[PDB]
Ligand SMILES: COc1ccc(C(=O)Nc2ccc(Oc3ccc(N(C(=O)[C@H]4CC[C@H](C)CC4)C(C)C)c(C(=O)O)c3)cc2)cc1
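This document starts with one chain, in the form deposited without the named molecule, laid out as structure tokens.
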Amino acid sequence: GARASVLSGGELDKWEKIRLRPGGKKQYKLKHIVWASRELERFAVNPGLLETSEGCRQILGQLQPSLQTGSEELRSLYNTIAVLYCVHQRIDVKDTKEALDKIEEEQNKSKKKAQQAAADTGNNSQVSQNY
């Protein structure tokens, strides 16, 4: 029926190791995986995505633009969803601050690719018309 598997044996060890903040005094715990699970379903997002390398990539997409005007809750999410994500992408980090950059820089490339051809506005061009 319902199969639960967020962090396997290996992901578990690394998880407990990773910290929420760079200059904090506490590491990651299940409390963060569950807390985000109950908060996800609230945003019309099933908690099953937390155990999917693809889901995280999506969940972060909605929080990315939200970070601008997000609250304490919205922030904590991007943090957890960030670490858990890197774990599913065969990525290794020490804290959330680092993992976050890995997710931001990874997307920065997509922008350069989807914003390289549309950057030559200047002299008048040619085009048909019927006026």
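Sequential numbering from 1, following the sequence displayed.
If you look for the form deposited with the named molecule bound, you will not find it shown, but the lines that follow are about it.
A.B. asks: Just one of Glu73, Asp101, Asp92, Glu54 has a heavy atom within 4.5 angstroms of the named molecule in the deposited complex, so which one?
C.D. replies: Exactly one residue meets the criterion: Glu73.
A.B. asks: Applying a 4.5 Å heavy atom distance criterion, does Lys109 contact the named molecule in the deposited complex?
C.D. replies: No, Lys109 sits far enough from the named molecule in the deposited complex that none of its heavy atoms falls within 4.5 Å.
A.B. asks: Mark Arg21 yes when one of its heavy atoms lies within 4.5 Å of a heavy atom of the named molecule in the deposited complex, and no otherwise.
C.D. replies: Judged by the heavy-atom cut-off of 4.5 Å, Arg21 is in contact with the named molecule in the deposited complex.
A.B. asks: Out of 43-69, which residues reach within 4.5 Å of the named molecule in the deposited complex, heavy atoms considered?
C.D. replies: Residues within 4.5 Å: none in this stretch.
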